[PDB]
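*Asks:* Structure file my_file.csv, CSV, C-alpha atoms, is pasted below:
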```csv
chain,number,residue,atom,x,y,z
A,1,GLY,CA,46.6,56.5,78.7
A,2,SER,CA,50.2,55.8,79.4
A,3,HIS,CA,51.0,52.3,80.9
A,4,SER,CA,53.7,50.6,82.9
A,5,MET,CA,54.9,47.1,83.9
A,6,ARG,CA,57.4,46.6,86.7
A,7,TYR,CA,59.0,43.6,88.4
A,8,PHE,CA,60.1,44.0,92.0
A,9,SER,CA,62.6,41.6,93.7
A,10,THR,CA,63.3,41.6,97.4
A,11,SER,CA,66.0,39.3,98.8
A,12,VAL,CA,67.0,39.1,102.4
A,13,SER,CA,69.6,37.1,104.2
A,14,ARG,CA,68.8,35.2,107.4
A,15,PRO,CA,72.2,34.2,108.7
A,16,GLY,CA,71.3,31.5,111.2
A,17,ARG,CA,68.1,30.4,109.4
A,18,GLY,CA,69.8,29.2,106.2
A,19,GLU,CA,69.5,30.5,102.6
A,20,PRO,CA,68.3,34.1,101.8
A,21,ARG,CA,64.6,34.6,101.0
A,22,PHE,CA,63.6,35.9,97.6
A,23,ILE,CA,60.3,37.5,96.9
A,24,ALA,CA,59.3,38.9,93.5
A,25,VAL,CA,56.0,40.3,92.1
A,26,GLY,CA,54.6,41.4,88.8
A,27,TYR,CA,52.6,44.6,88.2
A,28,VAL,CA,50.9,46.3,85.3
A,29,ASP,CA,50.2,49.9,86.3
A,30,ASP,CA,48.9,49.5,89.9
A,31,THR,CA,47.3,46.0,89.1
A,32,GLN,CA,49.3,43.0,90.3
A,33,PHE,CA,49.4,39.9,88.1
A,34,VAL,CA,52.0,37.4,89.2
A,35,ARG,CA,54.2,36.5,92.2
A,36,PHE,CA,57.1,34.2,93.2
A,37,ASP,CA,58.5,33.1,96.6
A,38,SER,CA,61.7,31.2,97.6
A,39,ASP,CA,59.9,29.7,100.6
A,40,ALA,CA,56.6,28.7,98.9
A,41,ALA,CA,56.1,25.0,98.3
A,42,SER,CA,54.9,25.5,94.8
A,43,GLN,CA,58.3,26.7,93.5
A,44,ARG,CA,56.4,28.0,90.4
A,45,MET,CA,55.4,31.5,89.2
A,46,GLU,CA,51.9,31.8,90.4
A,47,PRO,CA,49.3,34.1,88.8
A,48,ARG,CA,47.9,36.9,90.9
A,49,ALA,CA,45.5,38.1,88.2
A,50,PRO,CA,42.3,36.5,86.7
A,51,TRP,CA,43.2,37.6,83.1
A,52,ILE,CA,46.7,36.1,83.4
A,53,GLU,CA,45.5,32.6,84.4
A,54,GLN,CA,44.8,31.9,80.7
A,55,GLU,CA,48.4,31.5,79.7
A,56,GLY,CA,49.9,28.2,78.5
A,57,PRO,CA,52.2,26.1,80.7
A,58,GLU,CA,55.1,26.7,78.3
A,59,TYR,CA,54.6,30.3,79.3
A,60,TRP,CA,54.6,29.5,83.0
A,61,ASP,CA,57.6,27.2,82.7
A,62,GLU,CA,59.8,29.6,80.9
A,63,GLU,CA,58.9,32.5,83.2
A,64,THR,CA,59.7,30.5,86.3
A,65,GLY,CA,63.0,29.4,84.8
A,66,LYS,CA,64.0,33.1,84.4
A,67,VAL,CA,62.8,34.3,87.8
A,68,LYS,CA,64.7,31.3,89.5
A,69,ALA,CA,67.7,32.4,87.5
A,70,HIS,CA,67.3,35.9,89.1
A,71,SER,CA,66.9,34.5,92.6
A,72,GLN,CA,70.2,32.8,92.7
A,73,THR,CA,71.8,35.7,90.9
A,74,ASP,CA,70.7,38.0,93.8
A,75,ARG,CA,71.7,35.4,96.5
A,76,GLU,CA,75.2,35.5,95.1
A,77,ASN,CA,74.7,39.2,94.7
A,78,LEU,CA,74.2,39.3,98.5
A,79,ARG,CA,77.4,37.3,99.1
A,80,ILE,CA,79.5,39.6,96.7
A,81,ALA,CA,78.2,42.6,98.6
A,82,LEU,CA,79.0,41.4,102.1
A,83,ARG,CA,82.4,40.7,100.7
A,84,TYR,CA,82.7,44.1,98.8
A,85,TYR,CA,81.7,46.2,101.8
A,86,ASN,CA,83.2,43.8,104.4
A,87,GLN,CA,80.1,43.4,106.7
A,88,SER,CA,80.0,40.4,109.0
A,89,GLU,CA,77.8,37.4,107.9
A,90,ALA,CA,76.0,37.6,111.2
A,91,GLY,CA,74.1,40.6,110.0
A,92,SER,CA,71.0,40.4,107.9
A,93,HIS,CA,71.1,42.5,104.8
A,94,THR,CA,68.6,43.3,102.0
A,95,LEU,CA,68.8,43.6,98.2
A,96,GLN,CA,66.0,45.1,96.3
A,97,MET,CA,65.8,45.2,92.5
A,98,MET,CA,63.3,46.6,90.0
A,99,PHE,CA,63.1,46.6,86.2
A,100,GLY,CA,60.4,47.3,83.7
A,101,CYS,CA,59.1,49.6,81.0
A,102,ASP,CA,56.6,52.4,80.1
A,103,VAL,CA,54.6,52.9,76.9
A,104,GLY,CA,52.5,55.8,75.4
A,105,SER,CA,48.8,55.9,74.6
A,106,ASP,CA,49.5,54.3,71.2
A,107,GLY,CA,51.9,51.9,72.9
A,108,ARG,CA,55.3,52.9,71.7
A,109,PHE,CA,58.1,52.6,74.2
A,110,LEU,CA,58.6,55.6,76.6
A,111,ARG,CA,61.0,54.9,79.4
A,112,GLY,CA,62.8,51.9,80.9
A,113,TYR,CA,64.2,51.0,84.2
A,114,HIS,CA,66.7,48.5,85.6
A,115,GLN,CA,68.0,49.1,89.2
A,116,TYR,CA,69.1,47.6,92.5
A,117,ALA,CA,69.2,48.9,96.0
A,118,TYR,CA,71.2,47.6,99.0
A,119,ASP,CA,69.8,48.2,102.5
A,120,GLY,CA,67.1,50.7,101.3
A,121,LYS,CA,69.7,52.9,99.6
A,122,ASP,CA,70.6,52.9,95.9
A,123,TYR,CA,73.5,50.6,94.9
A,124,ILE,CA,73.5,50.6,91.1
A,125,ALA,CA,70.9,51.5,88.5
A,126,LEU,CA,70.6,52.1,84.7
A,127,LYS,CA,70.5,55.7,83.4
A,128,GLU,CA,67.6,57.0,81.4
A,129,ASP,CA,69.7,57.1,78.2
A,130,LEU,CA,69.9,53.3,78.6
A,131,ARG,CA,73.6,53.5,77.7
A,132,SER,CA,75.3,54.0,81.1
A,133,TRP,CA,75.1,53.2,84.8
A,134,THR,CA,74.8,55.4,87.8
A,135,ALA,CA,76.9,53.9,90.7
A,136,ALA,CA,76.6,55.6,94.1
A,137,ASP,CA,79.7,54.3,95.9
A,138,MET,CA,83.1,52.7,95.2
A,139,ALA,CA,81.5,49.2,95.4
A,140,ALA,CA,79.1,49.8,92.5
A,141,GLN,CA,81.9,51.2,90.4
A,142,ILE,CA,83.4,47.7,90.6
A,143,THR,CA,80.1,46.2,89.4
A,144,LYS,CA,79.7,49.1,86.9
A,145,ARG,CA,83.2,48.2,85.7
A,146,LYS,CA,82.2,44.6,85.6
A,147,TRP,CA,78.9,45.3,83.7
A,148,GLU,CA,80.4,48.0,81.4
A,149,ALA,CA,83.2,45.7,80.3
A,150,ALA,CA,80.8,42.8,80.1
A,151,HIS,CA,78.2,44.7,77.9
A,152,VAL,CA,75.3,44.4,80.3
A,153,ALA,CA,73.7,47.7,79.4
A,154,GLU,CA,73.4,46.7,75.8
A,155,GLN,CA,71.6,43.4,76.6
A,156,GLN,CA,69.1,44.8,79.0
A,157,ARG,CA,68.1,47.6,76.6
A,158,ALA,CA,67.3,44.9,74.1
A,159,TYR,CA,65.1,43.2,76.6
A,160,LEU,CA,63.5,46.4,77.9
A,161,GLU,CA,62.5,47.7,74.4
A,162,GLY,CA,61.9,44.4,72.6
A,163,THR,CA,60.6,42.0,75.2
A,164,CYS,CA,59.4,44.1,78.2
A,165,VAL,CA,57.2,46.1,75.8
A,166,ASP,CA,55.7,43.3,73.7
A,167,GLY,CA,54.5,41.5,76.8
A,168,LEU,CA,52.9,44.6,78.3
A,169,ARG,CA,51.3,45.0,74.8
A,170,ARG,CA,49.6,41.5,75.1
A,171,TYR,CA,48.8,41.9,78.8
A,172,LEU,CA,46.9,45.1,78.1
A,173,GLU,CA,44.8,43.3,75.4
A,174,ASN,CA,44.4,40.2,77.6
A,175,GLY,CA,43.3,42.3,80.6
A,176,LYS,CA,41.2,44.8,78.6
A,177,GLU,CA,38.4,44.4,81.1
A,178,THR,CA,40.4,45.3,84.2
A,179,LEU,CA,43.8,46.8,83.0
A,180,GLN,CA,42.5,49.6,80.7
A,181,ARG,CA,39.4,50.6,82.7
A,182,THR,CA,39.6,53.8,84.7
A,183,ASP,CA,37.4,54.4,87.8
A,184,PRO,CA,36.3,57.8,89.1
A,185,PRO,CA,36.5,58.3,92.8
A,186,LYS,CA,33.3,58.4,94.8
A,187,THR,CA,33.9,61.6,97.0
A,188,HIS,CA,32.3,63.3,99.9
A,189,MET,CA,33.0,65.2,103.1
A,190,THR,CA,32.8,64.2,106.8
A,191,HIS,CA,32.8,66.6,109.8
A,192,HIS,CA,34.3,65.7,113.2
A,193,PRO,CA,34.3,68.2,116.0
A,194,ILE,CA,37.1,68.3,118.6
A,195,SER,CA,36.4,71.3,120.9
A,196,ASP,CA,33.5,73.7,120.9
A,197,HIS,CA,35.5,76.3,118.8
A,198,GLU,CA,37.1,73.8,116.4
A,199,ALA,CA,36.2,71.0,113.9
A,200,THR,CA,37.9,68.6,111.5
A,201,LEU,CA,37.0,68.5,107.8
A,202,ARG,CA,38.0,65.4,105.9
A,203,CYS,CA,37.6,65.0,102.2
A,204,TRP,CA,37.4,61.4,100.9
A,205,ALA,CA,38.1,59.6,97.6
A,206,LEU,CA,37.0,56.0,97.4
A,207,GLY,CA,37.1,53.2,94.9
A,208,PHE,CA,39.3,54.8,92.2
A,209,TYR,CA,41.8,53.3,89.7
A,210,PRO,CA,44.6,54.1,88.9
A,211,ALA,CA,46.0,55.2,92.2
A,212,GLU,CA,47.7,58.4,91.1
A,213,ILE,CA,45.6,61.2,92.5
A,214,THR,CA,45.9,64.8,93.9
A,215,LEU,CA,43.9,66.0,96.9
A,216,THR,CA,43.8,69.7,97.7
A,217,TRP,CA,42.3,72.0,100.4
A,218,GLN,CA,41.8,75.7,100.0
A,219,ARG,CA,40.2,78.7,101.7
A,220,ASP,CA,38.5,81.5,99.7
A,221,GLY,CA,40.2,79.8,96.7
A,222,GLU,CA,43.7,80.3,98.2
A,223,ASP,CA,45.7,77.2,98.9
A,224,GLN,CA,45.9,75.8,102.4
A,225,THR,CA,48.8,73.3,102.4
A,226,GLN,CA,50.0,74.6,105.8
A,227,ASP,CA,47.4,73.1,108.3
A,228,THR,CA,46.6,70.1,106.1
A,229,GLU,CA,46.7,66.4,107.0
A,230,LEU,CA,47.1,64.1,104.1
A,231,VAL,CA,47.3,60.2,104.3
A,232,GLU,CA,49.1,57.8,102.0
A,233,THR,CA,47.0,56.3,99.2
A,234,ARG,CA,45.7,53.0,100.5
A,235,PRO,CA,44.7,50.0,98.4
A,236,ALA,CA,41.0,49.1,99.0
A,237,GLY,CA,42.0,45.5,98.3
A,238,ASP,CA,39.2,44.9,95.7
A,239,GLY,CA,41.7,46.4,93.2
A,240,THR,CA,40.5,50.0,93.7
A,241,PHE,CA,42.1,52.7,96.0
A,242,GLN,CA,41.3,55.1,98.7
A,243,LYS,CA,42.8,58.4,100.0
A,244,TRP,CA,41.7,61.4,102.1
A,245,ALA,CA,43.0,64.7,103.3
A,246,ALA,CA,41.8,66.8,106.2
A,247,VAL,CA,42.1,70.2,107.7
A,248,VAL,CA,41.2,71.8,111.0
A,249,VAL,CA,39.1,74.9,110.8
A,250,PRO,CA,37.6,77.5,113.2
A,251,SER,CA,34.0,76.7,113.6
A,252,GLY,CA,31.8,78.0,112.0
A,253,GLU,CA,33.9,79.0,108.9
A,254,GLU,CA,33.6,75.8,106.9
A,255,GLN,CA,31.8,76.6,103.7
A,256,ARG,CA,34.7,79.0,103.3
A,257,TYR,CA,36.8,75.9,102.5
A,258,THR,CA,36.8,73.9,99.2
A,259,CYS,CA,38.2,70.4,98.7
A,260,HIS,CA,39.7,69.8,95.2
A,261,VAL,CA,40.1,66.3,93.7
A,262,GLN,CA,41.9,65.5,90.4
A,263,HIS,CA,41.9,62.0,88.9
A,264,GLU,CA,42.3,60.6,85.3
A,265,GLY,CA,38.8,59.2,85.4
A,266,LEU,CA,37.4,62.7,85.8
A,267,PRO,CA,36.4,64.6,82.7
A,268,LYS,CA,36.9,67.8,84.7
A,269,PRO,CA,38.2,67.8,88.3
A,270,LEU,CA,35.8,68.4,91.1
A,271,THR,CA,35.1,70.8,94.0
A,272,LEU,CA,33.5,69.8,97.3
A,273,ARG,CA,32.1,72.3,99.7
A,274,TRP,CA,30.2,71.8,102.9
B,1,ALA,CA,71.4,49.6,106.8
B,2,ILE,CA,68.9,52.5,106.8
B,3,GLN,CA,65.7,52.2,109.0
B,4,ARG,CA,62.2,53.4,108.3
B,5,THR,CA,59.2,53.4,110.8
B,6,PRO,CA,56.1,52.0,109.1
B,7,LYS,CA,53.0,54.0,108.3
B,8,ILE,CA,49.9,52.1,109.5
B,9,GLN,CA,46.4,52.6,108.2
B,10,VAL,CA,43.4,50.5,109.4
B,11,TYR,CA,40.1,50.7,107.6
B,12,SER,CA,37.1,49.0,106.1
B,13,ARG,CA,37.1,48.1,102.4
B,14,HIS,CA,33.7,49.7,101.9
B,15,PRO,CA,32.4,52.3,104.4
B,16,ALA,CA,31.0,50.3,107.3
B,17,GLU,CA,27.4,49.1,107.7
B,18,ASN,CA,26.8,47.2,111.0
B,19,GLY,CA,25.7,43.7,110.1
B,20,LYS,CA,27.0,43.9,106.5
B,21,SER,CA,29.9,41.9,105.4
B,22,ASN,CA,32.8,44.2,104.7
B,23,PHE,CA,36.5,43.5,104.7
B,24,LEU,CA,39.0,44.7,107.3
B,25,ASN,CA,42.3,46.0,105.9
B,26,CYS,CA,45.4,47.0,107.9
B,27,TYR,CA,47.8,48.6,105.5
B,28,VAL,CA,51.4,49.4,106.5
B,29,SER,CA,53.9,51.2,104.2
B,30,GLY,CA,57.1,53.2,104.0
B,31,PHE,CA,59.2,51.0,106.2
B,32,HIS,CA,62.6,49.4,106.3
B,33,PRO,CA,63.7,46.7,106.9
B,34,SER,CA,61.1,44.3,105.5
B,35,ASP,CA,60.6,42.0,108.5
B,36,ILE,CA,57.3,43.1,110.0
B,37,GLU,CA,54.8,41.4,112.2
B,38,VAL,CA,51.1,42.5,111.9
B,39,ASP,CA,48.0,41.3,113.6
B,40,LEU,CA,44.3,42.0,113.4
B,41,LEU,CA,42.3,42.1,116.6
B,42,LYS,CA,38.6,41.7,117.7
B,43,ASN,CA,38.1,43.4,121.1
B,44,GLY,CA,41.8,42.7,121.7
B,45,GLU,CA,42.1,39.1,120.7
B,46,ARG,CA,44.0,38.2,117.5
B,47,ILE,CA,42.2,37.0,114.4
B,48,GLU,CA,43.3,33.6,112.9
B,49,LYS,CA,42.3,33.5,109.2
B,50,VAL,CA,44.3,36.5,107.9
B,51,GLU,CA,45.9,36.7,104.6
B,52,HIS,CA,48.3,39.2,103.4
B,53,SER,CA,49.3,40.7,100.1
B,54,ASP,CA,52.6,40.0,98.5
B,55,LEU,CA,55.7,41.9,99.6
B,56,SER,CA,56.4,44.9,97.4
B,57,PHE,CA,57.9,48.4,97.5
B,58,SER,CA,57.4,51.9,96.1
B,59,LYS,CA,59.9,53.9,94.1
B,60,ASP,CA,61.6,55.2,97.2
B,61,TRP,CA,62.4,51.5,98.1
B,62,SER,CA,60.0,51.5,101.1
B,63,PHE,CA,57.9,48.4,101.6
B,64,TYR,CA,54.2,48.1,101.6
B,65,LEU,CA,52.1,45.2,102.8
B,66,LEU,CA,48.2,44.9,103.0
B,67,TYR,CA,46.8,42.6,105.7
B,68,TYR,CA,43.1,41.8,105.1
B,69,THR,CA,40.2,39.7,106.5
B,70,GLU,CA,36.5,39.5,105.9
B,71,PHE,CA,34.2,40.6,108.7
B,72,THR,CA,30.9,42.0,109.9
B,73,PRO,CA,31.2,44.8,112.5
B,74,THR,CA,28.7,45.4,115.2
B,75,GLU,CA,28.0,48.5,117.2
B,76,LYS,CA,29.8,46.7,120.1
B,77,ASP,CA,32.7,45.0,118.5
B,78,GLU,CA,36.0,46.9,118.8
B,79,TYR,CA,38.6,46.1,116.2
B,80,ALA,CA,42.3,47.2,115.9
B,81,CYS,CA,45.7,46.5,114.2
B,82,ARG,CA,48.9,45.5,115.9
B,83,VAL,CA,52.2,46.2,114.2
B,84,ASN,CA,55.7,45.5,115.6
B,85,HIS,CA,58.9,46.4,113.7
B,86,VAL,CA,62.5,47.0,114.5
B,87,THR,CA,61.8,50.7,114.8
B,88,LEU,CA,59.2,50.4,117.6
B,89,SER,CA,60.2,50.2,121.2
B,90,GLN,CA,56.9,48.3,121.8
B,91,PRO,CA,54.2,47.1,119.4
B,92,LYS,CA,52.0,49.9,118.4
B,93,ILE,CA,48.2,49.4,118.4
B,94,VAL,CA,45.8,51.2,116.0
B,95,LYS,CA,42.0,51.1,116.8
B,96,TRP,CA,39.9,51.1,113.7
B,97,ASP,CA,37.6,54.1,113.5
B,98,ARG,CA,34.5,54.0,111.3
B,99,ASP,CA,35.5,57.5,110.1
B,100,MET,CA,39.0,56.6,109.1
C,1,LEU,CA,57.7,38.4,80.5
C,2,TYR,CA,60.7,38.4,82.8
C,3,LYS,CA,64.3,39.5,82.3
C,4,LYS,CA,66.3,36.7,80.7
C,5,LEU,CA,69.9,37.7,80.8
C,6,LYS,CA,71.1,34.7,78.7
C,7,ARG,CA,74.2,34.1,80.8
C,8,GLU,CA,73.6,36.0,84.1
C,9,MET,CA,75.7,38.8,85.5
C,10,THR,CA,76.3,39.1,89.2
C,11,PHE,CA,78.4,41.8,90.7
```
Let's see the structure in the file written out as C-alpha cells.
*Replies:*
Amino acid sequence: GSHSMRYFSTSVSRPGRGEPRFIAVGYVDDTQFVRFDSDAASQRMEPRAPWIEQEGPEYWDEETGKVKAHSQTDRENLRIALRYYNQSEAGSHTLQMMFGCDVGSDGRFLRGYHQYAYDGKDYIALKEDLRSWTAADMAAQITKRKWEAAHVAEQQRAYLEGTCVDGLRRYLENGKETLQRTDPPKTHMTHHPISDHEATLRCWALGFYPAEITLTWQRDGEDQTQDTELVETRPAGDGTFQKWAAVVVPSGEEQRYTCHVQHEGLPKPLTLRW
Amino acid sequence: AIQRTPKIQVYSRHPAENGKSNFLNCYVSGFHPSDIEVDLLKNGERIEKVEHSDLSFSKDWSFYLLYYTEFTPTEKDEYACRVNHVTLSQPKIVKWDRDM
Amino acid sequence: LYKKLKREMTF
C-alpha cells in the first residue's frame, strides 16, 4: 500500500573508553536491509537484506562514504552539545537521529522526516511543511539559527524528495518478493486458569507482516479496554511478527467475549470466540 | 538524560514442539539509555552462541534489541532471559513460558 | 540511498 524507508543513527560517548560509538541501520517498512558500525572491523556498509546484496560495489562505496560522513558529523555534534548545555565530559550522552521518506500506493512522495534527539528527548527536527525547523530549547535555536541561515532545510528537502524516494522506488522493485508481500496473521485463543472462579483468555496473532496491527477484546460486543493486558509487538525474527492481548474473565462466561483482529493482509477483519 | 526501564519478552519463534528445532528470542524494547546487557539461559547457565539484531529505536526514541539463538526444547529443560540495565537494582530474570 | 549533505552541517 503505502511504504516507508528510514535511517536510524545512534551515537554514544564513552568518556574513558575513547571515541563515541556510532550505529546506523536501514529499514524499508519493517524490513531491515543495511547496517553500519563504528566498532566493526569491516568499516563498510554491510547488507542486512538478501535482495540488497545484489548492488554494485560503486553503490556500496558511495553509501559508506556518506554514512562515515554522518558519523563524524554526529561525533562533533556530541562535542558541540556538551559545550552548548555545559555538561561535564565525564558523563556519557546519547544522540539519536532519523531521516527518511514515505510514498503512496502509486509511489508519489507523501511525507518526509529529518530529526535528532539528545538523551532520549527531542533536540531539533524538521517540520512537516519541510520549510522550517522545530527547536525545543534554547540550544536548538542556535542550531536552528545556524541551519536556517546556512540553508539546510532547502538541501535536505531536495534529498528527501529526489533521492530518498528514488531509492525506495528501486528497493521495492528489487525486493518485490519480500518487501511488497503482505502476510495474514495465524490466530487462535489459549485458555489459562488461575483460581477456580477465574481464567485468562489470550488472543494470538502470529507470523504477520507488516507489523502494524490492532488487537481488541469485547464483551457482548461492547469494548473491554479496562481489564485488558496487551503486549508490545514482537519480531518473530524470521521477518514476520507476533502480538497478543489477554483478558481475565469470570469462569464460566467466556464465549461471551470476542477477540477482534485487524491487519492489512486481511480482506475483512476477524472475530475469535471460544 | 531521561531513563526508560526496558520491556522484556521471551518466546519461541514458532510455537514450541519438544524435540523440534525452534529459535529462542529474547526481545527488549522501550528503554533508555542504550547500554544493555542481555543473556539467554538453559536451566540457569548462560548460552554462548548468541547473536543479536542491530541497535535501533522506535518513533518515541526508545531502543529495541532482539537476542536470538537456535534451540530444541525438552519437557525438562528450563530456559530464561537475563537483562540488566541502569534502571534495574538487580538483573531481572524472565522464565520462558510455552504459552507466552 | 543515504543523506549526502554535500558539505556537512554540524550544530
*Asks:* Go through B:88, B:66, B:36, B:83 one by one, measure the shortest atom-to-atom distance of each to residue 236 in chain A using all atoms listed in the file, and give the residue with the smallest value.
*Replies:*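 With all atoms listed in the file as the atom set, the closest residue is B:66.
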*Asks:* Please list as number ranges by chain every residue within 10 Å of range 1-10 of chain C, counting all atoms listed in the file and excluding residues in the same chain fewer than 6 positions away.
*Replies:* A: 5-7, 26, 59-60, 62-67, 69-70, 72-78, 80, 99-100, 114, 143, 146-147, 150-152, 155-156, 159-160, 163-168, 171
*Asks:* As an exercise, work out the distance from CA of residue 34 in chain A to CA of residue 49 in chain A in Å and give it to one decimal place.
*Replies:*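 These two atoms are separated by 6.6 Å.
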*Asks:* Report as a PyMOL selection string the set of chain A residues whose atoms approach chain B to within 9 Å, with distances computed over only C-alpha atoms.
*Replies:* chain A and resi 8-10+12+23-25+35+93-94+96+117-122+190+192+206-207+231-232+234-238+242+244
*Asks:* Separation of CA of residue 184 in chain A and CA of residue 229 in chain A, in Å?
*Replies:*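 Separating CA of residue 184 in chain A from CA of residue 229 in chain A is a distance of 22.4 Å.
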*Asks:* Kindly extract all protein, DNA and RNA residues lying within 12 Å of the coordinates (76.3, 57.0, 89.6) given in the file, considering only C-alpha atoms, and supply them as number ranges by chain.
*Replies:* A: 115, 122-128, 132-145
*Asks:* What is the CA of residue 85 in chain B-CA of residue 37 in chain B distance in Å, reported with one decimal?
*Replies:*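 Interatomic distance, CA of residue 85 in chain B to CA of residue 37 in chain B: 6.6 Å.
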*Asks:* Tell me which protein, DNA and RNA residues are within 7 Å of range 265-271 of chain A, counting only C-alpha atoms, leaving out same-chain ones fewer than 5 positions away, and put them as a PyMOL selection string.
*Replies:* chain A and resi 182-184+258-260
*Asks:* Pick out the closest residue to residue 221 in chain A from this set: A:180, A:86, A:240, A:255. Count only C-alpha atoms.
*Replies:*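 Once distances to residue 221 in chain A are computed over only C-alpha atoms, the minimum belongs to A:255.
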